[PDB]
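Working notes, structure below.
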Amino acid sequence: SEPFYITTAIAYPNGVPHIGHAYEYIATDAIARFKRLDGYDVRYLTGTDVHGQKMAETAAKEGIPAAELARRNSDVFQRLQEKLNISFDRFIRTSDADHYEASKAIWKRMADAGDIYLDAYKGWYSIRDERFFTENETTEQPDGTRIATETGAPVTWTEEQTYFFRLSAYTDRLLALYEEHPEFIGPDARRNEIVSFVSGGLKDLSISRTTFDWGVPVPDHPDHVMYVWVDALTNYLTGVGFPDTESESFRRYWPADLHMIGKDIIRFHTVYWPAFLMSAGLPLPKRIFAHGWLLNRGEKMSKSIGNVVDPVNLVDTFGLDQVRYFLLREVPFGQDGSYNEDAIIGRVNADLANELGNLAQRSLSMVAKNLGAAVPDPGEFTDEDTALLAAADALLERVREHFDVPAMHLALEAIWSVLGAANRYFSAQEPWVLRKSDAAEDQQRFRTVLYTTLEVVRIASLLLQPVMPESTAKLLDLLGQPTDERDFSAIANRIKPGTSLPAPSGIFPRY
Ligand SMILES: Nc1ncnc2c1ncn2[C@@H]1O[C@H](CO)[C@@H](O)[C@H]1O
Ligand code: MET
Ligand SMILES: O=P([O-])(O)O
């Protein structure tokens, strides 16, 4: 059992969670679930990033303390992930006691390494982005305001005596990392952008603040709070037992195999983060993958369904596994994408209700009515039977490779390509004609076709468990699959003839 440590970015709980958050959580959950079913020892971390000016300002506007806003809104984020059936091992919050100790410890490591110094900082700060910008990185608007050119967010002039991390000292070491380990950043286009950014030279990074107290206090300097990002990035270490490096959780899980993030926070994870760990003397994560941005087309409010960007509303309207499948099928993972109401309906009704649902229902109903509610004993397999089964048998290896990218969309496309072949096979064989035939050869052929169909459905159902946990669980129940035989290793074992099957019913209803 090889360890596999996967994480998501921890969101600022400044407002309600939206479709973008849900997109990242489900995508990561699918990989974490896949690895569990593939025989890995998985730890899966997610949570919230509660400190910073952005959070403090939101709290002040609402008229409640920052700690109150942080706790209340984080509860909403956790409840969403529980509703999305996310199999996280820990929901971390940067307000956690062990995270305070971890943050103080990594700061100490970097200071002891000689990479932290006190100097005067002058520059522009984007509160919305929690990010520093130079004078040349800003644009003086015709109305007199100053914004950050890249993001469009308003910037505030800042003059503070802060602590600095020696990022300028790590430029070439970071460049060597990208060259020697190209897998460190994914997809490829994102790595090229990071290489280009670092090649322009790096300046030292301000890592403390003096003008507010909503954050982790700097050890021995209570007048300073840690830059929200240094604090935030350390959560990946806290979730495995840091600063207890001798603990068994830290020994087996660190370094992380995959950091799942969006492309708006790539530089924090691929430039600052590895530099922090180099300074601290800690091994680096194996891979950072930046997924694309998902956005709603048309109006936010729909006359029929309501809030289209609200993940809770989408789940209640279409069903959890319907939403989970749509997000991972509609957009090529890593790329930017868009969606509307009709795109979801079209995907629910065609792919799930008809392609998978109807194929499973038509086959299982013929078993329960015409074959005594038991898996039929097959006869001799024809060239058409074999060609379909071979295509279904080839999936596990294909899908495994897609999940390692990660590219869940291509894994789903490969499965549905086989499901398409299974539907064409079912239609060409005409089992509804064979069941009524008096001839003995046709009655045996009827048994083989149904066995061949049920085996393909079984393989597909086992493979789709990471994407649609509950719907596949029900579909495997109807196929008479034992509870302990549902890992990917069971795909090699053909469905047993004579196995008793429960009364079948539709699992993927039409919208
Ligand atoms: N609209 C969106 N589409 C895709 N990802 C998003 C969106 N909004 C936030 N995220 C992601 O959620 C994570 C936590 O805020 C970040 O990695 C960020 O990239
Ligand atoms: C350590 S990941 C931090 C992510 C950040 N809080 C965001 O919402 O963009
Ligand atoms: O671009 P990659 O990271 O999917 O190969």
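Residues are named by chain letter and number: chains run A, B, ... in the order of the structure tokens, numbers start at 1 in each chain, and ligands are numbered from 1 in the order shown.
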
Item to check | Test item: residues at most 12 Å from residue A:245, only C-alpha atoms, excluding those fewer than 4 positions along its chain, as an NGL selection string | outcome: :A and (102 or 105-106 or 237-241 or 249-255 or 281-283)

Checklist entry - Residues at most 7 Å from ligand 1, using only C-alpha atoms and all ligand atoms? Could they come as JSON, numbers by chain? => result {"A": [9, 10, 11, 12, 19, 20, 21, 23, 24, 261, 262, 263, 264, 265, 292, 293, 294, 295]}

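Remark: for residue A:394, the closest of the candidate residues A:492, A:360, A:379, A:192 is A:492 (distances computed over only C-alpha atoms).
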
Checklist entry - Looking at A:270, A:196, A:141, A:307, which one is nearest to ligand 2, with distances taken over only C-alpha atoms and all ligand atoms? => result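 Using only C-alpha atoms and all ligand atoms, ligand 2 sits closest to A:270.
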
Item to check | A:167, A:82, A:214, A:28 ranked by distance to residue A:50, top pick (using only C-alpha atoms) | outcome: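 Of the candidates, the smallest distance to residue A:50 is held by A:214.
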
Checklist entry - So which residues touch residue A:273 within 12 Å, counting only C-alpha atoms, skipping near sequence neighbours fewer than 6 positions away, as an NGL selection string? => result :A and (106 or 165 or 167 or 170 or 174 or 184 or 205 or 229-237 or 259 or 265-267 or 279-280 or 282-285 or 288)

Item to check | Residue with smallest distance to ligand 2 - pool A:134, A:88, A:32, A:268, counting only C-alpha atoms and all ligand atoms | outcome: A:268

Set the distance at 8 Å and use only C-alpha atoms: which residues neighbour residue A:210 once local chain neighbours fewer than 3 positions away are removed? I'd like the list as a short mmCIF file (atom, residue, chain, number, x, y, z; two decimals) with N, CA, C and O atoms, in the first residue's frame.
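And here is the file that came out, out-v1.cif:
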data_model
loop_
_atom_site.label_atom_id
_atom_site.label_comp_id
_atom_site.auth_asym_id
_atom_site.auth_seq_id
_atom_site.Cartn_x
_atom_site.Cartn_y
_atom_site.Cartn_z
N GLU A 160 5.59 50.01 5.57
CA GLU A 160 5.75 49.28 6.83
C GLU A 160 7.14 48.67 6.95
O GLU A 160 7.74 48.27 5.96
N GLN A 161 7.63 48.59 8.19
CA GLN A 161 8.86 47.87 8.48
C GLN A 161 8.50 46.40 8.69
O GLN A 161 7.98 46.02 9.74
N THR A 162 8.76 45.58 7.67
CA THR A 162 8.34 44.18 7.67
C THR A 162 9.51 43.21 7.59
O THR A 162 10.63 43.59 7.25
N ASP A 213 -3.99 42.77 13.29
CA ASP A 213 -3.67 41.63 14.16
C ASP A 213 -4.36 40.31 13.78
O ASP A 213 -4.14 39.28 14.43
N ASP A 223 4.17 42.20 17.66
CA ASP A 223 3.73 43.35 16.87
C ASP A 223 3.62 43.02 15.37
O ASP A 223 3.03 43.78 14.60
N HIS A 224 4.18 41.88 14.98
CA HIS A 224 4.13 41.41 13.60
C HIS A 224 3.20 40.20 13.47
O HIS A 224 3.23 39.29 14.30
N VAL A 225 2.37 40.21 12.43
CA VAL A 225 1.60 39.03 12.05
C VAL A 225 2.13 38.46 10.74
O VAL A 225 2.63 39.20 9.89
#

Next on the checklist: Which of stretch 138-363 of chain A end up as strand (DSSP E or B) when DSSP is run on this backbone - answer as a PyMOL selection string?
Outcome noted: chain A and resi 138-140+146-148+154-165+185-186+205-206+208-209+217-218+221-226+258-262+288-291+294-296+301-302+306-307+337-339

Next on the checklist: What residues of the protein or nucleic acid chains come within 10 Å of ligand 3 when you use only C-alpha atoms and all ligand atoms? Reply as a PyMOL selection string.
Outcome noted: chain A and resi 182-191+287-290+333-334+402+404-407

Item to check | Proximity to ligand 2 - best of A:65, A:17, A:123, A:504, only C-alpha atoms and all ligand atoms | outcome: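 Closest to ligand 2 of all the choices is A:17.
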
Checklist entry - Which is closer to residue A:73 than all the others in A:87, A:94, A:420, A:16, using only C-alpha atoms? => result A:16
